[PDB]
């Protein structure tokens, strides 16, 4: 569809500027997404990343796609690795330090998306991010506040302060080591991150910090294309994340149940008490199912069809109490007889 231009909604001004520059010169949405994701790995390091993972939903040439570049547990991970001699969760062991990390997927994900749909040269799409790493970006006030929260959590148990200590609100923050890493990725793609110099540095940090990630974990990492979750209502088609996201199943249930209960929503104003109560009653059932059934779909037989069947959605919608809070103890996973 020839639209009146392209568009970007980005979480900061730098991702927006880069995406727009890519589109303006004739890159496609995937080219722009690659450049933007690497840019935010520099400018929005609280969340944009090359050391994490994520999901991409795409609509290309009228066809829906989904790319899963979620991290995987290291091969040396074990069910009780975060429990102590009492069998209790060790405070912050799954949140702070090297044993908290899954195998990163982002570089592989962006590569796979670009290989399949990109129009512009990979190395050129990294140049904006390299520039922001070399010559800097302006730290935001909210970003600094998140930094302070993280410093409180890390409490001197990691090397965070040695690299992000100079992040100060309103001031330009440069990242020369990351710039060199992005240059290697520009030249070698995932080969640098999973098999090359960056891999070696990651492994060395694991050795230094007692982590679990090994060269085997990195060379075995694969992003996965999956069929997106499809939800139809009122003539619209929503494509969203399937498992290992819980959001697709949740949205299928939230939308389906709300539609089933249209008579109870009729005339109810947005964010009135009744409206919020109704959403909460729906959310009770969604989270009951999420906790009991959902996980990586290749590691158990997850009953996706049963949990999204229209007859099941109708049954769960029947549980919603429009006038009072349902007893929490009586909210059960919906397939339990």
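Positions refer to the first chain, counted from 1.
56 to 64 and 306 to 314 differ in mean CA B-factor, and the higher of the two is recorded for 306 to 314. The PDB entry reports B-factors from which the mean C-alpha value can be compared for 206 to 214 and 127 to 135; the larger average falls on 206 to 214.
Highest CA B-factor among the listed residues (225, 239, 144, 122): 122. Considering 194, 173, 111, 82 together, the PDB entry gives 82 the largest C-alpha B factor. Among the modelled residues of its chain, residue 177 has a C-alpha B-factor that falls in the middle third, as given in the PDB entry. Residue-level temperature factors show residue 71 in the lowest third of its chain, judged at the C-alpha atom. Per the PDB record, residue ranking by Cα B-factor puts residue 293 in the middle third of the chain. Residue 155 sits in the highest third of its chain by CA B factor, as recorded in the PDB entry.
Sort the modelled residues of the chain by CA B factor and residue 16 lands in the lowest third.
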